[PDB]
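A single chain comes next, written as structure tokens; it is the form deposited in one PDB entry.
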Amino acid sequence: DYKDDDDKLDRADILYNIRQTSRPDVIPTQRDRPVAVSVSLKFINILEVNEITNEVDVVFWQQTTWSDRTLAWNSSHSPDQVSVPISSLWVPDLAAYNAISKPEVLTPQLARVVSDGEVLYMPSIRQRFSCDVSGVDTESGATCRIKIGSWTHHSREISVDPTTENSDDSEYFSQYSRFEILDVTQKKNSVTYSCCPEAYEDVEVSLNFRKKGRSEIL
């Protein structure tokens, strides 16, 4: 309930409840279905691009959501959401398969838990990637592909699905970047290896971008 959101004791009790029920290390599979993790990257900046080494340095908000209805509560007379340290929660073990640096989280490591069991987590992350930088200094731009999925959970355990297919991230991308975004495409993809049987679901993020205000030869 909206009116009761700022009831402190209620929030403290909800946090207590969440921590009693939460299993931070066990996947919240419900009904023998995989955990449906939804992921959508919102690019904030493109900081370094190297066309020779095919490397980019970027900042993005990793919009992440999933359900654990064992965390759910009756919010008819209590807050609808609270913030929770992610150390108290299970969080999907996502990794970018083509990252070449550690994900640097720039933000407080808190998630929102909603009374219906939905969890929202959105770290601001600075990270470097190996991807196709060719064409960045052209009209059509470069297309850098970033693949994100579970590091240890195959598709029967975790499914990683995109939220919105196409965007140009206009509400998020810095107007002061040297670069501009032409399109961001986010699609389901699946990876397997010859060594190892199971398939892994990932989201393949296609970042099409170019140098801004480039001087051309016409």
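What we label the rigid core is the largest C-alpha set whose atoms superpose within 1.5 Å from one form to the other. The first residue of the sequence shown is number 1, and the count goes up from there.
Undergrad: Among the other entries of this protein that model both neighbours of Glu157, is it absent from at least a third?
TA: Result for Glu157: never missing in the compared entries.
Undergrad: Coordinates for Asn166 lacking in at least a third of the other PDB entries compared?
TA: Missing in at least a third of the others, so yes.
Undergrad: Comparing average C-alpha B factors as deposited, tell me which of 198-206 and 15-23 sits higher.
TA: Between 15-23 and 198-206, it is 198-206 that shows the higher mean C-alpha B-factor.
Undergrad: Higher mean Cα B-factor in the deposited model: 132-140 or 116-124?
TA: Stretch with the higher mean C-alpha B-factor: 132-140.
Undergrad: Which is it among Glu55, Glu180, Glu157, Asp168: the one with the largest CA B-factor in the entry?
TA: Highest CA B-factor of the listed options: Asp168.
Undergrad: Reading the B-factor column of the entry, which of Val191, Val59, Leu41, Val49 has the highest value at its C-alpha atom?
TA: In the PDB entry, the greatest C-alpha B-factor among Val191, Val59, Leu41, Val49 is found at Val191.
Undergrad: Ranking the modelled residues of this chain by C-alpha B-factor as given in the entry, is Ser78 in the lowest, middle or highest third?
TA: Highest third.
Undergrad: In terms of the chain's CA B-factor thirds, is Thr164 lowest, middle or highest?
TA: Top third by C-alpha B-factor.
Undergrad: Sort the modelled residues of this chain by their C-alpha B factor and say whether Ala36 lands in the lowest, middle or highest third.
TA: As the PDB entry reports it, the C-alpha B-factor of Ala36 lands in the middle third of its chain.
Undergrad: Report the third (lowest, middle or highest) to which the CA temperature factor of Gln186 belongs, ranking only the modelled residues of the same chain.
TA: It falls in the top third of the chain.
Undergrad: Would you mind checking where the Cα B-factor of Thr152 ranks among the modelled residues of its chain, as the lowest, middle or highest third?
TA: It falls in the bottom third of the chain.
The next section is about a form of this same protein that is not shown, the form deposited in another entry.
Undergrad: Taking the rigid core as reference, which of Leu94, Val133, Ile125, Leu71 is displaced at the C-alpha by at least 2 Å between this form and the one not shown?
TA: After core superposition, the one over threshold is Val133.
Undergrad: After superposing the rigid core, is the C-alpha displacement of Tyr176 2 Å or more between this form and the one not shown?
TA: Result for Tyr176: no, shift under 2 Å.
Undergrad: Just checking, between this form and the one not shown and with the core aligned, does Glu51 shift 2 Å or more at the CA?
TA: Superposed on the core, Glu51 moves its C-alpha 2 Å or more between this form and the one not shown.
Undergrad: On a core-based superposition, does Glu165 travel 2 Å or more at its Cα between this form and the one not shown?
TA: After core superposition, the C-alpha of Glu165 moves 2 Å or more between this form and the one not shown.
Undergrad: Since the Cα separation of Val114 and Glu165 moves by 3 Å or more in the other form, tell me which way: closer or farther than here.
TA: Those two alpha carbons end up closer in the other form.
Undergrad: Based on a C-alpha change of 3 angstroms or more, tell me if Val119 and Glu165 lie closer or farther in the other form than in the shown form.
TA: Closer together, by at least 3 Å.
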